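One chain comes next, on its own, written as structure tokens: the form deposited in one PDB entry.
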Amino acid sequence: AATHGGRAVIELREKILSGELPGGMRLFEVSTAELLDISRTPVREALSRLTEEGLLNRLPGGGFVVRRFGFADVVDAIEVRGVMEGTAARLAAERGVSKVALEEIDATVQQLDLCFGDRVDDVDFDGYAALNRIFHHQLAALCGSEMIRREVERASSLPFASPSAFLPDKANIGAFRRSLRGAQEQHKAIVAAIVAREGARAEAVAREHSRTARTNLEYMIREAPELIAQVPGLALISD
């Protein structure tokens, strides 16, 4: 936002994700106010917003501490997204989707197919990730329920939890621009099952889709330990 509190959130978030403000660090109002050249008031607001964002934990006595995240927490958070995305898909199958909503998601699927040429590596890496995030948002709202959309989007809220999190500009190597051809099939399958009222298949595929990220992350560890810093908010991991 155009406010000190708004800016404070953006700055503090950046510092937390960069590792600058490490996990387990207690953030004091007085000292954070000093760091941001603002008073305690917009700081309290920022700390309260970053708390609902899940980057900070409120302490028992009062006060805030930066949340600790291990590779364990990356694994589980991806699993929860999968479970949630699966629930979003299953409910769309069980309950039905309006023609309008189905047209929208089918259109995004078509646009995502346009990102593929003919070769194993000929793929618009930047154009895909932007559309992929559109798909996941549509799927979250697809069953019609707001409560579901809200909760599904929250499970895909953390930086490593995000759908297009394991799609940065630098991780453009052959081991990830080949996996995407298959992820597009999963996207097609999700919709195709929803249309077919195949709840089991819908949930199953939507879960297996999130497992693509866990798969990609496990390759970044074993094949590029320096590209670890590249993933949006993977630098903050204490492992």
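In this text, the rigid core denotes the largest set of C-alpha atoms whose superposition between the two forms falls within 1.5 Å. From 1 onward, residues are counted along the sequence shown.
Novice: Looking at the entry, does 109 to 117 or 87 to 95 show the higher mean C-alpha B-factor?
Specialist: So the stretch with the higher mean C-alpha B-factor is 109 to 117.
Novice: Return whichever of 215 to 223 and 15 to 23 has the greater mean Cα B factor according to the PDB record.
Specialist: Looking at the recorded C-alpha B-factors, 215 to 223 comes out higher on average.
Novice: Tell me which of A193, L50, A33, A175 tops the list for C-alpha B factor in the record.
Specialist: Top of the list by C-alpha B-factor: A175.
Novice: When the CA B-factors of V152, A72, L142, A129 are compared as recorded in the entry, which is the largest?
Specialist: The record points to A129.
Novice: C-alpha B factor of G182, ranked within the chain: lowest, middle or highest third?
Specialist: It belongs to the highest third of the chain when residues are ordered by C-alpha B-factor.
Novice: Among the chain's modelled residues, which third holds the C-alpha B-factor of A171?
Specialist: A171: CA B-factor falls in the highest third of its chain.
Novice: Select lowest, middle or highest to describe the third in which the CA B-factor of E146 falls within its chain in this entry.
Specialist: Answer is middle: the recorded C-alpha B-factor places it there.
Novice: Please place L158 in the lowest, middle or highest third of its chain by C-alpha B factor as given in the entry.
Specialist: For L158, whose C-alpha B-factor we compare with every modelled residue in the chain, the answer is the middle third.
One more form of this protein exists, namely the form deposited in another entry; it is left out here, but the text below deals with it.
Novice: With the two forms aligned on the rigid core, which of the residues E185, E29, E208, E198 moves its CA by 2 Å or more between the shown form and the other one?
Specialist: The displaced C-alpha is that of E29.
Novice: Using the rigid core as the reference frame, would you say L217 shifts its C-alpha by 2 Å or more between the shown form and the other one?
Specialist: The answer is no, as the C-alpha of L217 shifts between the shown form and the other one by less than 2 Å after core alignment.
Novice: Taking the rigid core as the reference frame, tell me whether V66 has a CA displacement of 2 angstroms or more between the shown form and the other one.
Specialist: Result for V66: no, shift under 2 Å.
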